[PDB]
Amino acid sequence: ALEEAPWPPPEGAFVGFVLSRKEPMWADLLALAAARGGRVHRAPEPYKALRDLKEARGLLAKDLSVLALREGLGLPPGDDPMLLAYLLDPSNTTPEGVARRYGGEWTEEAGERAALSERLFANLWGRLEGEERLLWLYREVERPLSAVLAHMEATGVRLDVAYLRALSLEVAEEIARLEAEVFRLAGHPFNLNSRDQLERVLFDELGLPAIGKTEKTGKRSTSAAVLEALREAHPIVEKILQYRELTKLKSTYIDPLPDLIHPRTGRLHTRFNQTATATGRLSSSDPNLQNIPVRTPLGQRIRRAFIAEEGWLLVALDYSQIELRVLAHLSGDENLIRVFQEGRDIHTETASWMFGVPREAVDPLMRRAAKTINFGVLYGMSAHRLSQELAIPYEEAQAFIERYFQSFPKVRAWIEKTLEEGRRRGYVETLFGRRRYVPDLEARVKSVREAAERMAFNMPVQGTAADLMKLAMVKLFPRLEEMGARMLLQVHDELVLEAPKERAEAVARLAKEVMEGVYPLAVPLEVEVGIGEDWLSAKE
């Protein structure tokens, strides 16, 4: 096949590499190679050879860049065929799949991976010709974002380990109180972590009424939704609900996170997966830092563990109602656009009609209720499902659905146009032309078809919000470098940065402006910003 030539490769070569494990912050670089111009070059010693590359160009380029950064080398990621394939079709999420589909095989040898990266890029680049909008997304968003993501991953975030270890002991004792009480109420001990055993106790032994069934295997459900509805049926239910919350938080965050501190950085390093979702969102794994608790009292105590470096502060920026602002722009609805242009709070307007009075002081709970209905109607829930899900008579539900769409006729028209076009072309698109293929828009099984319609009109909204955030990160990153600040985390419509204390206020101002002005829409974008020593404080 390719001609074998000595290391190092010429500039522009495609790289292949093998890691001992998937997480580049934790991986041993086992082998490194490069392919170009009909030649393949294999590195005698991979870590040393890393020093010869100017760019990581090839499949999974960002992963190699993260390892390089870990080793003190400023090796940026460049072209990556994964990103081309993901823009053609976001179900293209793995190198194994992308290779099979576009002209090779993903193996475990660096030379082969290098040669593969080269051929896949050639082929996929050809596919993106004529695709002007996908090309722009590649050049202006995805390719530059991979470098930003590489820096975020390699930087990591600081965690108060001692605090979490002390917290574990406290939660353990509370969990023991709950499980002892549950077993007494049951009349015998069992495995409270087993939903199958819990099912027998609740519905067979205590004879509580089963309310719902599980999706795939049709067992009587013990989900929080069922338990909430049985809260007053028996005192064991509230205890179980509390046990669920504590064990969830303890097993997922409190116990695992302290063990994941990197020995060299003394920080926690997530992976930001760039080709993992059907809508263009990022995902986070190993550990997932996009789902750190924030709602409950114990969740808030966990979030306080994420702290700024000594002498630095966290800066937290959140887009306000990005998805509804995107929907206003996509649909062109005059009335919805007027809402945002006039700084009015849409969920409060709906809370004036329902729960009113008063317009001035609707109160939190009623607004949360109005929000729930606004989005419910939006996702095409029936007057029946809304009336029963939201403890209100059937008539009220219908009235609100008609009002909602009489106020925003173009939102309805936009949803209808998007579904028809998805059916015809087989895909739907974000504002920037990112695509998702949704085949089941024609299924003859109504539950299947209707689930598809929800996916289909969700994608342009969630996906455009993702495009905007990604473009914002791409724009914001060089500015932070210049100011000596760091970008740490993204959580879909939020960013968390770290800045020296003397510069935190300027960083927050600047970041807020870059985010709000990322790509002007028919409505303003609003960003709320907070500064603090820890992630919870930085929003309070």
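All residue numbers refer to positions in the sequence shown, first residue = 1. We call the rigid core the largest set of C-alpha positions that still match within 1.5 Å between the two forms.
Rigid core fits of the other structures in 8 other deposited structures of this protein place the C-alpha atoms of one stretch farther away on average; of 260-268 and 394-402, that stretch is 394-402. When the other structures are laid on the shown form by the rigid core, the stretch among 275-283 and 373-381 with the greater C-alpha deviation in 8 other deposited structures of this protein turns out to be 373-381.
Of the two segments, 156-164 and 401-409, the one listed with the higher mean B-factor is 401-409 (C-alpha atoms only). Mean C-alpha B-factor is higher over 191-199 than over the other stretch, the pair under comparison being 191-199 and 456-464. Comparing C-alpha B-factors across 358, 95, 72, 144 in the deposited entry, the largest value falls on 358. Highest CA B-factor among the listed residues (388, 283, 107, 270): 388. Compared with the other modelled residues of the chain, the Cα B-factor recorded for residue 266 ranks in the middle third. The PDB entry assigns residue 379 a C-alpha temperature factor belonging to the highest third of its chain's modelled residues. Per the PDB record, residue ranking by Cα B-factor puts residue 517 in the middle third of the chain. Among the modelled residues of its chain, residue 492 has a C-alpha B-factor that falls in the lowest third according to the deposited record.
In the PDB entry, a CA B factor belonging to the lowest third of its chain's modelled residues is recorded for residue 287.
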